[PDB]
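Participant: Okay, structure incoming, though there's no sequence with it:
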Ligand SMILES: NCCCCCC(=O)O
Ligand SMILES: NCCCCCC(=O)O
Ligand code: NA
Ligand code: NA
């Protein structure tokens, strides 16, 4: 029993519709207008072959930039300095307005939605997760605070080894529809989360994608809105974005908050712009000045024991779904496997978006190359 | 063995990627930019409750029109007289730019793509299906001509009883991903089509959705393009449409040509405009003047023995994926279950689009009400 969840549509029964009932009334009225949410679908282009490189000024400072982008399997790259796009790159086959999977950069967007609700006083990070999701009692989420979920400081028996077929990460994917279901798997993401356990210890950073989905669940319970709608209402609809974003959903219509969002590079940059603007977007304030300040300030350094991060960023940390480098530039970034970054460079009031498709999800090699590019581009923006 | 099929992406192996391999290289580069084709996904609106009724002039002639539209579960309704939108209606909850499933109206779009290839001489309707799809040898499609598929004049052991769980129509849905798979089901739509049989007779009309998917298969073999791309290249991209259309795809990426297309009402009207313009669209000629003339002329009346159609349209017929009323106005229409119509009224140079969600897929009751509305609106457009 996972309790009350936002109906797929007004008046919809729990879990309706399913792949086998969407053609039946009363579900069909909603389904006929949102079939992509039920069945895999392709776009039939309204528009009738080569990479687009417009690395503007930074090109002079970084002559081999395009080659470096190709070497890191770059699909879309965009640099926003202030309110101006000063550099752009799109691989052959990927249009400037095409959307790209954000993977874990999605987490930073979810944390933003949580921050908005904290500002409204609908969520108190000091409160235990169970204050909002009682059904998580008896699980590893029984005891920890919402802030500990936000900062990922909960010890959990969860193997985030993507390529490993036995890990909890694969089960998470199967429960959400990212992979084929196996007999006995949890029915949906909510159920999967309730199966998680840990030794009860907290305080130390442990990257776990389940944490973000718990945040999305909390968002749904406090607002009564499907996470998909909450993500739009509290964030996307206030960005004056060029295109809607998309998010994969499981069989109940629950969005894969931890990593299923897709959007254009230019629109993702609008999220960064909002962060550098103290939490304000064209459509209104998204989060408070305080929330943004706390994100830029970083999390507890002592909690950050991930050498995969500290080897490059010794004074790094993590807080509210954002990775904080703690470097001399105060860089903070949303990160997603296979090379996704929503990189903030407050010094130059710039945002760097890099959406890629490395063959591997996470290796020292790829991160070394990628971070080298992000840091070089950031420095190229400094006054000289 | 169903032979060669267009790769999901350049260089992709047969059937790749699958739900279990899209995160792996080299598939991920394509998948990260088209995840909706692999996993059900929802739109995250970039925009921040009541029906919109703008029945313009025809309102005076049809005072109870809005109520009649509500009674027929109308989601979107649009009347294009010449090049001008003279009447519009959208139910509460459905925006003017929202897309709606077309069901079998999709068939008329597929027939249009076939017509384009006939004009190019890449398809000869007189040729047997096996001339283009040899793998269909041994099936009910071994012997009939492409034109017989176009006109649906092939006797097939296929129960098109949607609500019936044992029918071939349900198996068709499961093979394409519209319903949950059962153990033993064909792997994809191509395989399903090869399992179809019949007594060998032809000449009499038999509405069968499998026919359209065979047409789409032929389209792929003659062009080398995924049907999804062919639908864009030969039709959608030439309409100067406001939005892309979408089409559900099966596990191989094959579009559900017989009924999985979704688009806005205004854009669907552009297809009708093209038909009334002799086959020409803003982006170029879609089909020949001759093809359009043949569609408007109708098919063999003797072949049309469907009382569900002839009771209302005694001189009606069917040809090239279009229903021809044979009425005094020469009305022709694309039709899809649950109330979808792309209705052509050549007399007034008008197109009527009605996208609905009747609780039932097909009953005399709903068709009586729906046709009454389409005919009344058509007559309201006559000069007086
Ligand atoms: N389990 C699917 C991948 C989720 C995203 C994880 C990440 O980007 O770190
Ligand atoms: N088997 C799914 C429905 C296909 C559309 C059929 C029709 O609209 O006539
Ligand atoms: Na806040
Ligand atoms: Na033609």
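Facilitator: Arrived safely. Numbering: from 1, shown residues only, chains lettered A, B, ... in the order given. Ligands and ions are numbered 1, 2, ... in the order given.

Participant: for chain A, what spans make up the helices?
Facilitator: Remark: helices assigned in chain A by DSSP state H are A:27-31, A:58-61, A:65-71, A:105-119, A:146-150, A:168-176, A:189-194, A:209-223, A:227-234, A:265-276, A:289-297, A:307-310, A:364-380.

Participant: Can you add distance to residue B:45 and give these back as JSON lines?
Facilitator: Using the backbone N, CA and C atoms, a C-beta is placed for each residue, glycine as well. Output for the helices of chain A, formatted as JSON lines (distance: least, Cβ to Cβ, whole Å):
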{"stretch": "helix A:27-31", "distance to residue B:45": "15"}
{"stretch": "helix A:58-61", "distance to residue B:45": "34"}
{"stretch": "helix A:65-71", "distance to residue B:45": "31"}
{"stretch": "helix A:105-119", "distance to residue B:45": "14"}
{"stretch": "helix A:146-150", "distance to residue B:45": "25"}
{"stretch": "helix A:168-176", "distance to residue B:45": "21"}
{"stretch": "helix A:189-194", "distance to residue B:45": "22"}
{"stretch": "helix A:209-223", "distance to residue B:45": "15"}
{"stretch": "helix A:227-234", "distance to residue B:45": "4"}
{"stretch": "helix A:265-276", "distance to residue B:45": "12"}
{"stretch": "helix A:289-297", "distance to residue B:45": "23"}
{"stretch": "helix A:307-310", "distance to residue B:45": "34"}
{"stretch": "helix A:364-380", "distance to residue B:45": "30"}
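
Participant: what about the closest residue to residue A:276 other than its chain neighbours, distance to ligand 1?
Facilitator: Take residue A:276 and drop its neighbours on the chain: the residue closest to it by Cβ to Cβ, 6 or more residues apart in numbering or on different chains is residue A:349, 5.8 Å away. Computed with Cβ to the nearest ligand atom, to the nearest Å, the distance linking residue A:349 and ligand 1 is 27 Å.

Participant: Contact partners for residue A:349?
Facilitator: A:81-82, A:276 (Cβ atoms under 8 Å, 6 or more residues apart in numbering or on different chains).

Participant: how far away is it from residue A:278?
Facilitator: 12 Å (Cβ to Cβ, to the nearest Å).

Participant: Switch the helices of chain A over to JSON lines; also include mean neighbour count and distance to residue A:332.
Facilitator: Formatted as JSON lines, the helices of chain A follow (neighbours: other Cβ atoms under 10 Å in any protein chain shown; distance: least, Cβ to Cβ, whole Å):
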{"stretch": "helix A:27-31", "mean neighbour count": "22", "distance to residue A:332": "39"}
{"stretch": "helix A:58-61", "mean neighbour count": "14", "distance to residue A:332": "20"}
{"stretch": "helix A:65-71", "mean neighbour count": "16", "distance to residue A:332": "22"}
{"stretch": "helix A:105-119", "mean neighbour count": "26", "distance to residue A:332": "9"}
{"stretch": "helix A:146-150", "mean neighbour count": "23", "distance to residue A:332": "15"}
{"stretch": "helix A:168-176", "mean neighbour count": "22", "distance to residue A:332": "25"}
{"stretch": "helix A:189-194", "mean neighbour count": "22", "distance to residue A:332": "27"}
{"stretch": "helix A:209-223", "mean neighbour count": "25", "distance to residue A:332": "17"}
{"stretch": "helix A:227-234", "mean neighbour count": "25", "distance to residue A:332": "20"}
{"stretch": "helix A:265-276", "mean neighbour count": "23", "distance to residue A:332": "8"}
{"stretch": "helix A:289-297", "mean neighbour count": "17", "distance to residue A:332": "6"}
{"stretch": "helix A:307-310", "mean neighbour count": "14", "distance to residue A:332": "13"}
{"stretch": "helix A:364-380", "mean neighbour count": "17", "distance to residue A:332": "12"}
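
Participant: what does the stretch 251-384 of chain A have sitting close to chain B?
Facilitator: Counting by Cβ under 8 Å from any Cβ of the partner chain, the stretch 251-384 of chain A comes close to chain B at A:253, A:255, A:260-263, A:267, A:283, A:338, A:355, A:357, A:359-361.

Participant: can I get the residues you listed in CSV with distance to residue A:217?
Facilitator: Shown next, in CSV, are these (distance: Cβ to Cβ, whole Å):
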residue, distance to residue A:217
A:253, 13
A:255, 11
A:260, 15
A:261, 16
A:262, 21
A:263, 22
A:267, 25
A:283, 26
A:338, 26
A:355, 27
A:357, 29
A:359, 33
A:360, 30
A:361, 25
